[PDB]
Structure formats: C-alpha cells, structure tokens
Enquirer: 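Below you will find the structure I want to go over with you.
Whatever order the structure lists them in is the order used to number ligands and atoms, beginning at 1. Numbering starts at 1 and runs along the sequence shown.
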Amino acid sequence: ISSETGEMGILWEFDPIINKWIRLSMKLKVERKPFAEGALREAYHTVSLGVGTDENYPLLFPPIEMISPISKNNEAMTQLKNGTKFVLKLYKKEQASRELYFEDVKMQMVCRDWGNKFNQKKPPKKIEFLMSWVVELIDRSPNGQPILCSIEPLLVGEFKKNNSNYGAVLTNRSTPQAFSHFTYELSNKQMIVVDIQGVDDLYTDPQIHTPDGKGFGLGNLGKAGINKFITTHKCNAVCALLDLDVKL
Ligand SMILES: Nc1ncnc2c1ncn2[C@@H]1O[C@H](COP(=O)(O)OP(=O)(O)O)[C@@H](O)[C@H]1O
Ligand SMILES: [Zn+2]
C-alpha cells in the first residue's frame, strides 16, 4: 500500500467461519538475519509496509472454491497495518510443499477457534492463539516454485514451550495442559491441540493430532501422538474446573 522500499507479497488469511481463504497483497521489509530458529524454520523480524488487494496479481491451491471472491474485511488490515512489527518464518533448507504452508496456517486458525471455545468456559487464565498468514514472497527468485513463508504477530516476552507434539510436558503451568485435555474431550476425541507454546497465554505454532492422522501437516502423529499425550498428562485444577474426565 506504501511507496517506501520493501518487497511485495501475496497474503492469505484463512477465515474458519466462512471456511474460505482471503487473498490480499502486502509489502514488507524483512531483516536479513533470523532472530531465532526452531527445528525446521527460522524466524525473522519484519515490518509491514501496508496491506492491499490482490487485484494486480490474477490467479491451483487452495482451489478456487475455497477462496473468497471478496476480501474487503480481514484481520490483516488492522494487525498488519503499515509500521507493524511482526514475525516471518521461513523453512531453513532442511519436506515443505505449497499445501503444507496453507495446512499449517489453517491449523493455527482452527486452534485459535479452540482458544475461544476454551475461554467461553471462563477459565482462571483465558488463552489466545495469534493469527497466522501465508505469504507468497513473489519478489524473490523461484527448481521453481515461488518462495513461501508464514507470518504472524510479534510476541513480546519470554517465549516458552509448554508441551511438544509427542508427550513432553516442558513447564509446570496448568492452563496449557488443561487446554490440551479440553480440546481432546470436547472434540469427542476427534482431535487434540498440543505444541502449546508462546508468551504467557498468547500462543503460536500449535500442532493438532487426529486419530486418522490425516491433514494438519507433518506434525500430525495420529493415534500415537494422542496416546503419548495421555501417557504424560496429569489432570490439574484447571482440568477439574472445566469438569474434564480424569479418564482420557
Ligand atoms: N510470534 C513470535 N514472536 C516472537 N518469537 C517467536 C514467535 N514465534 C516463534 N518465535 C521464536 O522463534 C522460534 C522458532 O519458531 P518455530 O515456530 O518453533 O519453528 P519450527 O517450525 O522449527 O517449530 C521459537 O522457538 C521462538 O523462540
Ligand atoms: Zn486433564
């Protein structure tokens, strides 16, 4: 949207309530060096140079039927307005495909809905997952295909991982564990949200397991993932406040 120097991107926001992707453009300026790394990805400080429409970049994955024809409303326009400092995540060089960027962002959106459902029970500590978006870094040279990344708001504070996607319980806090338990029981065992991590109860990069192991990226470890969580879960006061069953 802005005149100043930066690179262009195609920005994708998933909206679970209409079950559609919203396609936009933005300009961003990313730092040359990462400020952190995880297992597969590196995180980069980025500044937004504004969000606009995708009109100049005519359009397949996601398929056309999954894309909203209208993009006037979105979180991006406020959360990524010009000046906003945020975080860009790129796969190192290592496995990643186009589909996986979208799966991962949609997954975080699904977890974000679970956070709201959890909060509606009025737990002692309310929780929230950050927005996440797919960005096609179209100014960067494509073996093909385009450079993709995901972006999300900047968390300020000490970043802590509370559980992994395979049974680790990494801190003593109760809410992140009760939340994982809550998603499992309240989904009637259709899914569980783990990899609960972020700053305080602002969370990012969660991971879902489902019994059939289908979808939800490469970190979906299916029944094994679910059972590994069960083996290590001790119900706490939040689990009890939420009236969750001590079995399962
Ligand atoms: N929104 C954020 N704000 C600030 N720091 C973050 C944010 N998201 C991730 N980080 C930091 O970047 C690291 C790597 O990100 P991560 O999502 O774990 O990548 P991977 O795909 O390898 O798991 C995290 O361990 C954390 O230290
Ligand atoms: Zn529990």
Enquirer: Between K20 (side chain only) and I70 (backbone N and O only), is there a donor and an acceptor less than 3.5 Å apart?
Expert: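 Not confirmed, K20 side chain does not pair with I70 backbone.
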
Enquirer: At the Zn ion (ligand 2), what angle lies between atom SG of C239 and atom SG of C235, rounded to 10 degrees?
Expert: 120°

Enquirer: Centroid-to-centroid, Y101 to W12, below 6.0 Å?
Expert: no

Enquirer: Does a side-chain N-to-carboxylate-O contact under 4.0 Å join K89 and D205?
Expert: no

Enquirer: Between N163 and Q177, is there a donor-acceptor pair closer than 3.5 Å when you use the side chain of the first and the backbone of the second?
Expert: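 Answer holds: no.
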
Enquirer: With the threshold set at 4.0 Å, does a side-chain nitrogen-carboxylate oxygen contact exist between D201 and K125?
Expert: no

Enquirer: Below 4.0 Å from any atom of ligand 1, which residues have a heavy atom? Give them in chain and number order, please.
Expert: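 Residues near ligand 1: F35, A36, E37, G38, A39, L40, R41, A43, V87, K89, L130, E152, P153, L154, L155, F159, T204, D205.
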
Enquirer: So how far is it from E99 CD to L148 CG, rounded to the nearest 0.5 Å?
Expert: 10.0 Å

Enquirer: Looking at the Zn ion (ligand 2), which N/O/S atom of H181 is the nearest one?
Expert: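 For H181, the N, O or S atom at the smallest distance from the Zn ion (ligand 2) is ND1.
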
Enquirer: Check for a donor-acceptor pair, side chain of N162 on one end and backbone N or O of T171 on the other, with a separation under 3.5 Å.
Expert: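 Absent.
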
